[PDB]
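**Student:** First the structure, which I've put down as structure tokens, then a few questions once you've had a look.
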Amino acid sequence: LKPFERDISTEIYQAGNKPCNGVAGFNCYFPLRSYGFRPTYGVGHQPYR
Amino acid sequence: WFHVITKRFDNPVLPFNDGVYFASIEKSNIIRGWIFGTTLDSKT
């Protein structure tokens with residue numbers, strides 16, 4: 001992190017020591033993930049603004 | 001110091017370390033504007 005850092009990175013990162021170069025496979029966890037925001041759990045999982 | 005008259009027209013992509021002092025003794029009103037970038041390819 002950094003003071004006033006904007007992180008909208010969407011390109012695959014090099015995990016471990018296996019260059020991906022656009023394969024999104026092993027050692028290539030794609031940097032994005034999305035929520036499971038369903039009204040199922042309690043307060044510990046529901047959204048706030 | 002750059003003088004514009006080869007074509008004698010230097011405009012290379014210069015570093016930006018902590019700020020810049022820029023001066024122009026001009027007449028052709030060729031002052032327009034400037035790029036600023038870090039990755040040039042949407043990293044940021």
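Identifiers in the structure tokens: chain A, B, ... in order shown; residue index from 1 per chain; ligand index from 1 in order shown.
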Output as CSV one row per residue of chain B within 9 Å of chain A: the closest atom pair and its distance in Å to one decimal place, counting only C-alpha atoms, sorted by chain and residue number ascending.
**Tutor:**
residue,atom,partner,partner_atom,distance
B:42,CA,A:9,CA,8.8
B:43,CA,A:9,CA,6.8
B:44,CA,A:9,CA,7.5
**Student:** Could the residues in this selection be saved with N, CA, C and O atoms as a PDB file, in the first residue's frame?
**Tutor:**
ATOM      1  N   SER B  42      -1.259   1.208 -19.221  1.00  0.00           N
ATOM      2  CA  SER B  42      -2.440   0.934 -18.404  1.00  0.00           C
ATOM      3  C   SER B  42      -2.145   0.161 -17.121  1.00  0.00           C
ATOM      4  O   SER B  42      -3.088  -0.301 -16.462  1.00  0.00           O
ATOM      5  N   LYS B  43      -0.876  -0.005 -16.738  1.00  0.00           N
ATOM      6  CA  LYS B  43      -0.590  -0.524 -15.402  1.00  0.00           C
ATOM      7  C   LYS B  43      -1.237   0.357 -14.344  1.00  0.00           C
ATOM      8  O   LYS B  43      -1.825  -0.141 -13.376  1.00  0.00           O
ATOM      9  N   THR B  44      -1.144   1.670 -14.527  1.00  0.00           N
ATOM     10  CA  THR B  44      -1.764   2.651 -13.657  1.00  0.00           C
ATOM     11  C   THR B  44      -2.364   3.743 -14.529  1.00  0.00           C
ATOM     12  O   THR B  44      -2.070   3.860 -15.722  1.00  0.00           O
TER      13      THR B  44
END
**Student:** Got a sec: who's within 12 Å of region 18-35 of chain B, counting only C-alpha atoms, leaving out chain neighbours fewer than 5 positions off, as a list in words?
**Tutor:**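 Residues meeting the cut-off are residues 1, 2, 3, 4, 5, 9, 11, 12, 13 and 40 of chain B.
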**Student:** Could you state the separation of CA of residue 19 (chain A) and CA of residue 38 (chain B) in Å, given to one decimal place?
**Tutor:**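 Going from CA of residue 19 (chain A) over to CA of residue 38 (chain B), I get 22.5 Å.
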**Student:** As an exercise, work out the distance from CA of residue 43 (chain A) to CA of residue 30 (chain A) in Å and give it to one decimal place.
**Tutor:** 28.2 Å
**Student:** So what do you get for CA of residue 16 (chain A) versus CA of residue 31 (chain A), distance-wise?
**Tutor:** 14.2 Å
**Student:** Pick out the residues sitting within 12 Å of residue 17 (chain A), and hand them over as number ranges by chain; count only C-alpha atoms, and ignore anything fewer than 5 positions along from it in its own chain.
**Tutor:** A: 26-28
